[PDB]
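Residue numbers (PDB author numbering), protein chains in the order written: chain AA, 301 to 750; chain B3, 11 to 83; chain AW, 36 to 133; chain AQ, 2 to 126; chain BS, 6 to 125; chain BW, 3 to 120; chain BE, 22 to 189; chain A6, 22 to 251; chain BC, 27 to 52; chain BP, 58 to 65. Using N, Cα and C, we set each Cβ at its ideal position, and we do this for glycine too.
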Ligand SMILES: CCCCCCCCCCCCCCCCCC(=O)OC[C@H](COP(=O)([O-])OCC(O)COP(=O)([O-])OC[C@@H](COC(=O)CCCCCCCCCCCCCCCCC)OC(=O)CCCCCCCCCCCCCCCCC)OC(=O)CCCCCCCCCCCCCCCCC
Ligand SMILES: CCCCCCCCCCCCCCCCCC(=O)OC[C@H](COP(=O)([O-])OCC(O)COP(=O)([O-])OC[C@@H](COC(=O)CCCCCCCCCCCCCCCCC)OC(=O)CCCCCCCCCCCCCCCCC)OC(=O)CCCCCCCCCCCCCCCCC
Ligand SMILES: CCCCCCCCCCCCCCCCCC(=O)OC[C@H](COP(=O)([O-])OCC[N+](C)(C)C)OC(=O)CCCCCCCCCCCCCCCCC
Ligand SMILES: CCCCCCCCCCCCCCCCCC(=O)OC[C@H](COP(=O)([O-])OCC[N+](C)(C)C)OC(=O)CCCCCCCCCCCCCCCCC
Ligand SMILES: CCCCCCCCCCCCCCCCCC(=O)OC[C@H](COP(=O)([O-])OCC[N+](C)(C)C)OC(=O)CCCCCCCCCCCCCCCCC
Ligand SMILES: CCCCCCCCCCCCCCCCCC(=O)OC[C@H](COP(=O)([O-])OCC[N+](C)(C)C)OC(=O)CCCCCCCCCCCCCCCCC
Ligand SMILES: CCCCCCCCCCCCCCCCCC(=O)OC[C@H](COP(=O)([O-])OCC[N+](C)(C)C)OC(=O)CCCCCCCCCCCCCCCCC
Ligand SMILES: CCCCCCCCCCCCCCCCCC(=O)OC[C@H](COP(=O)([O-])OCC[N+](C)(C)C)OC(=O)CCCCCCCCCCCCCCCCC
Ligand SMILES: CCCCCCCCCCCCCCCC(=O)OC[C@H](COP(=O)(O)O)OC(=O)CCCCCCCCCCCCCCC
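Here it is in structure tokens:
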């Protein structure tokens, strides 16, 4: 809520400094100081870029008001700046600096190196920074200065490519990750990439919906994994976590709901954000093949990390140290007050989930409903993406089925695939056969025999 | 006729299995207690949640269900 | 609440865990081993060789002891250990969080 | 162990020596120390990867540890200056390298581990 | 002395199959005998909320099912207003209604095709 | 009556000042359905309703008379924007569409996926 | 690696009865129908048979068990939704299991079991990968069960009893 | 150790009873709506009609095994069986039988059979082929020995569940250590090799065909001890 | 249960320098 | 859960 570029820069520096303090909360250890200094260096680079962009804007127009800049930039779009030996386009250079700072603070590919190291902070701080507070600064900048980037050739080429590459990279790394906080960090990177791609598509409503969904459910999942880690005695790796469903009953179900919502899965509140992203994806890009392939891979990657985190944390064989289970399994502890977590924590998580559902539903009604009731966005660029959401054609309707069935096959793989010998190998194969045949017959009856 | 075959290799595998030490089994027995672990389908019961879902859907059908338009495609 | 008067560190007893419980758990773990024959003969003053723990079985027993006691023992300390008395003393005096 | 493998600019050879044996200069150790430390490191890594791992198989873990134990018994029987013992050491060092996992779990009871020094204890002075 | 099928020995084996041998007798049990009541209640409440939401999505937003499995057979839905009239009257009215429905579909199609230039 | 899909019930065209008063989001103002949208927004303002009611009501309840015109205009607008009325015809019968070209511009480049060889 | 090698055993002349259910003491499903207690117990076991069939849970309700020490083989009369069946089991292949292990062997949530299903006395045949469940309201032959061939000192194997069945 | 009885407002087993759905405990009491209670109470199920329906229309006791010794019918009048697969063989048979119903049914029902095939192809090549199909192809349903030929007949499941038997000379059989094939077929043993025995693999040198024996398979002591196989 | 002694001062082990701090590594 | 308290 900044009224001018000076206040925006002040807020930028303040968030950088406070994130540095949160990361360096463990001031006694110098190992944490290294990650804090890494984040500080990246934040200072972003501050440099933002300051230079603001200086260019002030030199061009003798004004720092955001509204005035937004409503004046089109007049100066035709101008160029004479630099050392190249006549660079003014809009292109300003948007270049803005996009550089936005990528640095959103942890895009290349500039994301600090985000995995920023997990040294306590789980509440990590959730706050990674949900909607620190990693969404670039998205806020793009949304606020959209009239500038609408006339930016550099933005058009860079936002989709970098967004898709970051999405794919983060999704796959999160899927292969073994630590809870690191997995959430890489999932956040992937969602930031998806947000960049959505903004490139150019539907600010879709971008806002994606931001809200991601922030709410990422925060909820972060809180759940924080409870799990506190129970497991600061061991964030789930290779030492097993059979925690009974010891943390609330955490298990809360994580189930939060993860199914966060990772885009069918019949979940988080499916529509990815559906709208793919609806709005543009196809005139020269690197469209790579962009689309990376987007598909990143979208499918959610299932693997969600399944791994949930199953390994709670329902996998007991892998943790004997003490973790024994200290809590003592009969003396059996009481009405017995719990491995906090009642306040449970109530806070429940209320957060309920309010997130309500707000997401309100936004969906405001935007995606037949009667468009959202407030003015102060942008004159219309992308035509809503045409494929209101009156989709057979081509797109069948195209979406490809991704739907890819996700279905991946779910079947993560469910029925056996990696270790078990007493239930043959019965599991039999259950898979039963499911296949029953699905076929059920489809036959539903479609034809009724 | 002095040829190594199914019986010989079964005996070899039995010998290899017998060569194992029971110390690791004894220390790790506690991990696989059936009283302490179950499966996700068992833990996640949809019996009563589906009942509440049915109640809510019935309420929707009899409150706003009337004011809906059929969409044939 | 801490009194306003100056209070110094109170090293009640060098053991951070019940030494008797530590010794009994360690002796049970040792007896679980196959090479060990007579659990009764095991005492805090009994050496590993005489109780029947080979040098190679010793590392296995120590790894399982680390798993049981929720701590990690350095190779230097494990080699320095010469009797169950020394082992239990070190484990009991060890601060589980270092 | 100080658990400082990834700090203080250790080279790969030094890190491998630290992982396999508690010291960075295994030449100082004698035959028994070398064999015992290598066996302990191998058992620790096998336990980490095949007990506290991703869908671990306990029967395979048992078979692997039994084979490793037999091999290390033979190694201990072998003389220090034997090419067969050198081959065994190279084999198990290669296995340790293969199972090396960046960001591997480090117990909180060891120095330089996460949460090792989160609190400053005030002295009687 | 003791033999299998003895109740005492069977109970002892059942209790000691997954015991912690490193613990003292009488406390060598690994399982948890209960579940946190308040935590389980809150978890079940939130799980029920999520399941209800998923079911509402399935019911009021069948777009995923339509685009993943196709349009399934729809249960019958019709009005018995036509049964009021009988005979040649009913036959002629039914034929007129069928012709009107076909003409309405064609009119909608042609209007959609023609009205491209309505917005100047 | 008998008006085009863009006209509203009253056949009244709102001026720029009236649009500013009943401020319309640029998303709708860009399209041709301002005339049909403004009455619907006025009806909603006169009879405010909750978002849950808006989602669960298939006829928009009270504001159905204006919503009919608005929905017709929206359907026509989106169909003409995405050229779906021609794309669906080509999908249904590419051979017949080429036989009697609905739009040679789209027909010359249309190519249905090999997977959808019904 | 344990292999299911068959030894081709045969029954002896005079068996010794070890288990005899007070209910179902009659011979024949017709006798069970005509008897009041047997009919109600059969109805209560109907869900047990349903679990046997549809849930692929290998289990059998055992009555009238006899033992042959000459060949060391147990003859079990088991009740199923169709009638009484005779089965032969080997002491080398018979081991005990906990009730929770019996429940968890099946991956499907079993129906609420009746109160006459003895949970303590549940056994597991490893050769058939099957469970044997006895009835609480039954009579055990103390002399028969105290036979030397049934002694744990001869039928005990730590690896087989504790490590053969790992449900996880 | 438990002190819940010391407080009047403490939780009770009556309060914990609701966790029996999510927690496994021995039965304590039967509710009025249990299947057992309903069947034992409602007189309709006591009718001889229902009793006879239960007795007849369900799995028969004839197919139920009655002993730990099995002597399957001889494949040849002079042959003797050695190995036979009980459960994994049936599971593989049923799984491969789907090719006779799902596939023609898919062709005649799906709107886009080409789309279905395009989805299935990569699915088969990754996570399915090595998962089930290759293991089934190399799986040994049954093994018998013909002494007059000094050969071994092996039964295998083919496409669509078809069973076919082939002869292999005993002199051409060799034991392939698992170490020689683990690296070559890591994925196969990774995701589909759990059912069959890893260390009991044999192969025919002349034809280069492997033989996988189920872990839960029955072996004949006499067949193993026969001099031809020793 | 057990009456643990106060947190040990070994929780923060004093570091003794054994190598020259080269100016080239400033 | 938290670290053991020490004198300040
Ligand atoms: C009011 C009126 C009604 C209104 C409308 C609603 C009506 C319908 C209600 C239906 C409710 C669901 C019923 C589930 C029963 C499961 C038990 C069963 O039938 O067992 C037999 C059989 C499994 O037998 P088995 O012997 O247990 O399996 C052997 C394994 O080795 C055994 O596994 P293991 O012990 O070795 O451990 C691995 C564990 C692994 O378990 C898991 O990973 C999750 C287990 C969750 C259990 C279910 C809880 C409820 C959630 C579903 C809610 C319903 C959604 C809608 C369903 C219908 C959609 C068409 O495996 C399982 O649990 C597999 C069985 C569970 C199948 C259901 C999975 C649903 C969620 C999708 C996967 C989630 C992956 C990410 C992890 C989740 C958290 C982020 O079940 C199946 O049919 C399996 C199907 C698997 C493929 C599903 C692909 C579907 C894709 C299309 C639909 C997509 C929409 C739904 C997903 C959206 C995301 C949430
Ligand atoms: C004139 C009389 C006519 C009578 C007609 C009767 C028709 C019966 C048709 C039955 C159709 C099949 C049902 C199968 C259910 C199980 C499915 C299942 O588990 O599959 C997945 C199963 C895996 O699931 P699982 O969790 O592992 O299985 C565990 C066990 O199933 C254990 O599962 P579970 O216990 O966890 O959950 C299973 C539960 C599943 O339940 C559901 O999902 C349904 C949920 C309820 C839906 C309600 C919809 C309608 C009402 C809407 C709301 C109205 C509100 C009105 C206003 C309210 C205002 C307050 O099953 C049921 O549906 C039980 C019946 C529901 C009773 C409650 C209904 C509500 C009553 C009113 C309210 C009061 C409630 C109680 C008090 C509450 C506290 C105050 O996969 C398989 O492997 C399936 C294999 C096949 C097994 C088949 C077993 C049954 C064989 C039966 C053969 C045919 C016998 C015919 C006898 C004929 C004699 C004459
Ligand atoms: C002012 C208007 C208020 C409107 C309120 C609208 C509420 C909408 C709720 C949507 C779903 C969200 C659920 C959140 C969690 C709460 C539910 C829950 O815990 O579910 C799991 C719980 C239990 O989950 P469980 O499965 O873990 O529990 C099993 C254990 N036992 C058997 C003990 C329950 O579900 C149920 O308890 C099932 C309830 C079915 C019946 C539902 C209607 C109840 C109506 C009560 C009032 C009746 C008044 C009558 C007056 C007569 C006067 C004469
Ligand atoms: C701290 C507590 C605070 C208060 C707690 C309040 C609890 C939550 C209350 C929610 C009330 C609203 C419920 C809406 C249900 C879904 C309606 C719908 O599908 O919209 C159709 C409406 C009708 O639209 P339409 O028909 O006008 O046109 C749609 C346009 N096309 C066809 C192109 C798509 O659709 C939309 O506007 C889009 C909705 C997209 C999102 C769908 C989400 C499905 C899941 C719903 C979960 C609901 C919450 C959980 C269950 C609560 C049970 C009480
Ligand atoms: C001790 C007190 C502790 C604090 C208690 C606070 C209780 C709060 C309970 C509700 C919170 C969750 C609301 C639902 C989630 C948000 C939904 C949303 O986006 O809004 C949609 C809707 C908006 O309306 P709508 O979505 O229905 O549509 C409106 C329709 N048109 C546009 C046509 C007009 O808002 C809500 O439903 C939220 C409630 C209304 C706003 C209330 C604000 C004033 C609060 C007064 C109480 C103050 C207490 C002070 C206590 C001080 C203690 C120190
Ligand atoms: C570009 C080119 C594209 C080419 C794409 C090709 C796609 C089409 C592929 C066709 C595959 C044909 C498979 C044939 C299967 C039989 C093979 C065989 O001989 O195996 C014998 C096998 C095994 O025979 P057996 O001799 O071993 O034993 C007899 C059977 N048992 C084992 C039980 C004793 O027998 C069968 O499987 C018999 C199957 C009979 C039914 C076959 C048709 C079922 C589907 C009907 C249509 C769909 C349902 C319609 C419902 C309508 C309701 C109103
Ligand atoms: C033409 C050559 C022969 C082709 C053989 C067919 C492919 C191989 C056998 C597939 C068997 C599995 C069929 C499952 C059908 C489920 C219902 C359905 O959507 O059918 C209609 C649809 C197709 O019918 P349709 O074409 O009328 O649908 C409209 C078009 N779409 C859906 C694209 C918008 O079935 C499929 O899409 C099947 C795709 C191929 C699957 C290949 C194997 C992977 C899956 C493993 C088996 C288990 C799947 C379980 C799925 C559960 C639900 C998500
Ligand atoms: C060729 C056709 C065109 C498409 C080209 C692309 C082909 C498909 C590429 C899929 C890559 C998936 C990579 C997932 C990595 C997950 C890693 C992870 O978390 O650990 C593994 C987790 C398991 O983790 P875990 O924790 O349970 O255990 C791990 C155990 N170890 C470490 C020993 C491996 O999940 C899996 O195992 C599942 C991944 C393997 C199976 C992949 C099946 C692919 C099926 C493709 C179907 C294609 C349908 C047709 C249409 C496609 C195009 C639209
Ligand atoms: C364009 C093809 C589209 C797909 C066609 C599918 C046909 C299915 C029927 C196949 C019948 C013959 C099988 C022959 C088996 C054999 O011995 O085949 C053996 C031969 C030889 O293999 P090798 O060369 O490795 O020895 O197989 C091949 O050469 C490759 C053909 C593979 C056939 C796989 C059939 C199953 C497909 C499963 C799809 C995914 C799962 C679907 C849900 C269950």
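Return the Cβ separation of residue i and residue j in integer angstroms, given the expectation that the two are a contact with Cβ distance under 8 Å.
i, j, result
"residue 238 (chain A6)", "residue 104 (chain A6)", "6 Å"
"residue 509 (chain AA)", "residue 573 (chain AA)", "6 Å"
"residue 268 (chain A6)", "residue 162 (chain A6)", "An answer regarding residue 268 (chain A6) cannot be provided, because it is not within the stretch 22 to 251 covered by chain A6."
"residue 1 (chain AQ)", "residue 94 (chain AW)", "Here chain AQ has residues from 2 to 126 only, and residue 1 (chain AQ) is not among them."
"residue 466 (chain AA)", "residue 408 (chain AA)", "5 Å"
"residue 438 (chain AA)", "residue 406 (chain AA)", "4 Å"
"residue 399 (chain AA)", "residue 458 (chain AA)", "6 Å"
"residue 591 (chain AA)", "residue 585 (chain AA)", "6 Å"
Where the stretch 42-59 of chain AW meets chain BP: residues whose CB sits under 9 Å from a CB there:
Flagged, chain order: 42, 43, 44, 45.
Can you check the stretch 100-135 of chain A6 for any alpha helix (DSSP H) of at least 4 residues that lies completely inside it and give the ranges in chain order?
Counting only runs of 4 or more, we get 109-118, 123-130.
Check whether the stretch 610-620 of chain AA and the stretch 529-543 of chain AA are in contact - that is, three or more C-beta pairs closer than 8 Å.
At 8 Å Cβ cutoff, the stretches touch.
Which residues, in order along the stretch 616-645 of chain AA, keep a beta-carbon less than 7 Å from a beta-carbon of chain AW?
Hits within the stretch, in order: 621, 622, 623.
Name, going along the chain, the residues of the stretch 69-81 of chain BW whose beta-carbon falls closer than 9 Å to a beta-carbon of chain AA.
Here the close residues are 69, 72, 73, 76, 77, 79, 80, 81.
Go through the stretch 363-425 of chain AA residue by residue and report every complete run of the beta strand (DSSP E) that reaches 3 residues or more, in order.
The qualifying runs are 380-382, 387-389.
Relative to chain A6, which residues along the stretch 39-58 of chain BS have a C-beta separation below 8 Å, given in chain order?
Taking 8 Å as the Cβ-Cβ cut-off against chain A6, the residues of the stretch 39-58 of chain BS that qualify are 39, 40, 42, 45.
Members of the stretch 22-33 of chain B3 that neighbour chain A6 once the beta carbon cut-off is set at 7 Å
Cβ contacts with chain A6: 23.
Relative to ligand 3, what is the chain-ordered list of residues with a Cβ closer than 7 Å to any of its non-hydrogen atoms?
My final list is 55 (chain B3), 57 (chain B3), 58 (chain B3), 59 (chain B3), 61 (chain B3), 62 (chain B3), 65 (chain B3), 66 (chain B3), 49 (chain BS), 50 (chain BS), 53 (chain BS), 54 (chain BS), 57 (chain BS), 39 (chain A6), 42 (chain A6).
At a cut of 8 Å, does the stretch 555-566 of chain AA reach the stretch 71-84 of chain AQ through at least three beta carbon pairs?
Contact fails: fewer than three Cβ-Cβ distances are below 8 Å.
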